[PDB]
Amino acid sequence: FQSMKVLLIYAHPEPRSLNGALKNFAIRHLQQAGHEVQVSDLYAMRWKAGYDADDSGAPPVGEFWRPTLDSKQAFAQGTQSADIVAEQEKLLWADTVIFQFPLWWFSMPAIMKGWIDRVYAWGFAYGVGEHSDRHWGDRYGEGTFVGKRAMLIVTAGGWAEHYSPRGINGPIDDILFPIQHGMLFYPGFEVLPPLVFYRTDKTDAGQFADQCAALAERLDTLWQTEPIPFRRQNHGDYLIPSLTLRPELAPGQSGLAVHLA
């Protein structure tokens, strides 16, 4: 068989919302298939969003507290706040991590961004590895999360056409790049194509049934779907330390698309 360990990070303030419905569907679907599921329901946990000096469990390491170096010490010395530590343990436990949220101002809800900011410590999600001739940190297809898969599940009010290649909001995959490339591929996840639902504010029973069918199909194929083929940083595709794509790859092109093989 092979029972997978799935962690769902979920950001919506109302349990009877569309998002709440889809969350409950996904959790039941995965449990019925034989997988184990842990959930971080950020609003239910009253998750603290603003990273600050109370998270480091120690006085400042230098003359004044620094978001970076104070994390580096807290993580290395074992003083981080206990909420942080429990999330980090969930991530280490999981084989697959799913982030589920409504699109709010073209980005994660604040409370979810605060999960990123606080959980992704120095020594854990960044700051790991050497800086040398041909290696510039353990990131972008390397890091703590190598071997794990991640996927977003996003609901949006705008129409699909509004997120099309010439659509005014920007192409969906480019708007999601800071998340999928910067937050998921960065600490070493294999990132699956996102599941994005459009025109969600008017969802009725028939649209919901369509959403559920699409969701179940993604959840059934989590370990078969091909990841987004983002380029690794440290294995020849980029010049180091400029971290620019070598001239023979995607020649004469620039922008977000050059980072896909």
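Quick note: we count residues from 1 along the sequence shown, nothing fancier.
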As stated in the PDB record, which stretch has the larger average Cα B-factor, 1-9 or 251-259? 1-9
Of 219-227 and 61-69, the stretch with the higher mean C-alpha B-factor in the deposited entry is 219-227
Please pick out which of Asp174, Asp133, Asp117, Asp95 has the largest Cα B-factor as recorded in the entry. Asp95
Between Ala205, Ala49, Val196, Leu42, which one tops the list for Cα B-factor in this entry? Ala205
Third of the chain's Cα B-factor distribution that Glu190 belongs to, per the entry: middle
Which third of the chain does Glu87 land in by C-alpha B-factor: lowest, middle or highest? lowest
With respect to C-alpha B-factor, does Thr144 fall in the lowest, middle or highest third of the chain as deposited? middle
With respect to C-alpha B-factor, does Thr244 fall in the lowest, middle or highest third of the chain as deposited? middle
CA B-factor placement of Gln32, once the chain's modelled residues are sorted into thirds: highest
